[PDB]
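my complex, part one, positions kept as in the full thing:
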Amino acid sequence: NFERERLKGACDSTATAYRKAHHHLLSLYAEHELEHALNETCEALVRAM
């Protein structure tokens, strides 16, 4: 049981780290995509407005 406790602790730690890294990468991709979609296309909307 003592050996299992620290292993479960490390498991939770690495799970949290993986979650954080995943969220960070997804955020980077979403930001780049929104910027590139707002700067390049959707221009007739500007002249219409």
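Right, received. Where do you want to start? Residues are numbered from 1 along each chain as shown, chains lettered A, B, ... in the order given.

just the helices in chain A please.
With DSSP state H as the criterion, chain A has helices at A:2-39, A:44-48.

in CSV, list those along with mean neighbour count.
Backbone N, C-alpha and C define where each C-beta goes, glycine included. Output for the helices of chain A, formatted as CSV (neighbours: other Cβ atoms under 10 Å):
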stretch, mean neighbour count
helix A:2-39, 10
helix A:44-48, 7
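
with residue A:33 as the reference, measure out to residue A:41.
Remark: distance between residue A:41 and residue A:33 (Cβ to Cβ, to the nearest Å) = 12 Å.

include chain B too:
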Amino acid sequence: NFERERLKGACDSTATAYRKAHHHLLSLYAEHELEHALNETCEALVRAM
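The block that follows adds chain B to the chains above:
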């Protein structure tokens, strides 16, 4: 001069009528264009946001 007076009155009248009609046409066109340009295109921005 009395004949010129009513002429200038009718001149201002037809001028303001033409101006109103032009503004109305331009407004209708701009509204239709904005609606048709927002409803159809600019959809990738929605998924980006």
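
near chain B, which residues of chain A are found?
Counting by Cβ under 8 Å from any Cβ of the partner chain, the residues of chain A close to chain B are A:30, A:33-34, A:37-38, A:41-42, A:44-45, A:48-49.

try it again at 7 Å.
A:33-34, A:37-38, A:41-42, A:44-45, A:48-49 (Cβ under 7 Å from any Cβ of the partner chain).

nearest to residue A:10 among the residues you listed?
For the residues of chain A next to chain B, the residue nearest residue A:10 by Cβ to Cβ is residue A:33; the value is 34.8 Å.
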